[PDB]
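A lone chain, given as structure tokens: the form deposited in one PDB entry.
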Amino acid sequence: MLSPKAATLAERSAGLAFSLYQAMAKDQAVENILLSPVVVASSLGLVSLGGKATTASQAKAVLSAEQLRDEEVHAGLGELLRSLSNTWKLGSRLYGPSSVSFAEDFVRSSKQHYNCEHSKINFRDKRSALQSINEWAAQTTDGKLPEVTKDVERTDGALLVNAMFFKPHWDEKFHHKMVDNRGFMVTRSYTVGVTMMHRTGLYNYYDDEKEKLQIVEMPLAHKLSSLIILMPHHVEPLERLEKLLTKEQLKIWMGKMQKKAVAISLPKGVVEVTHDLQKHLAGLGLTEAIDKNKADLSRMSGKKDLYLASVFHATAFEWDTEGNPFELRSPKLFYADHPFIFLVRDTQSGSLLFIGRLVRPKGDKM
């Protein structure tokens, strides 16, 4: 159980995660989305720790923590981060140019609250800068996320890299042999070859006949958290369903869910997703930190015009059969052969661990 300050922070982190998801969803260039509320919030936390003036005040403002002491914010976020590690691999590293020396004070507090790593890189050798970043992320995730980016767009600033590996462990496992090859319809005209895992059990279920979708809750190990899937009836873009995706609607839907026999089929595999949150952070209210001529990160370094060039949110999410061990002849069918939205929620608190969408699984494009 979290402190009231850490609990209030957690609420805002999900509010932020939804706002971020929506922003990205609007980008036609975006396919799969994968966001960890807390990791996003700790990126803003780092800006507040590293910044001065509106640069830092905006970070607290996006986090709706303006009525909290700076240390109360860092403590709370650091609490929430620690609460995640008790299947889960997380690394945080700040990359600055070779010419930039990080402030001892900043290094101390960032390591203390955010478990932030610091490294100097040289983008005069792009192959080596990239190799460093990718190698670091690969070790952090033990190879699950081998590459974070193929290119570093902006080289005049600081690079925040968050490498993650998450693997939901079912409270009732899928049988290791209940796996076969199936087509996943990315669009009505494009099918990719995937491996599907199949299982029938009692699950919290809701079929919204009015808004043409299905909602299922798959509890994770020891019912401490659960995975919720929202899938439209038809093979269609997630645009329509995303318009309904609000905190309030989600609450309405969950109230309507009841424990029924459900035949769940999911694409089995690792989904590697890398986001550069920098573009969407300006949209959330973090306008100064991300501009060379606006940014003030003087508490972080003192180097002329250092600004936050990138915020890499790279995640390897694995859908596997593994989970805990141990009427049903006519179950409701929940066959995920087209794009769906998913959430990971902490059972006890209601806090959002993850928000994302699966649009293109890793597989053989037919």
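Residues carry their position along the shown sequence, with the first being 1.
Here the subject shifts to the form solved in complex with a partner chain, a form of this protein not shown in this document.
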item: Close approach of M185 to its partner chain in the deposited complex, 4.5 Å, heavy atom; value: yes
item: Contact of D320 with its partner chain in the deposited complex (heavy atom, 4.5 Å); value: no
item: Contact label in the deposited complex: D156 to its partner chain, heavy atom within 4.5 Å; value: no
item: Contact label in the deposited complex: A53 to its partner chain, heavy atom within 4.5 Å; value: no
item: Options 58-66, 40-48, 310-318, 334-342; stretch whose heavy atom lies within 4.5 Å of its partner chain in the deposited complex; value: 334-342
item: One residue of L284, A263, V107, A221 in contact with its partner chain, assessed in the deposited complex (non-hydrogen atom, 4.5 angstroms); value: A263
item: The unique member of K89, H118, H198, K268 whose heavy atoms fall within 4.5 Å of its partner chain in the deposited complex; value: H198
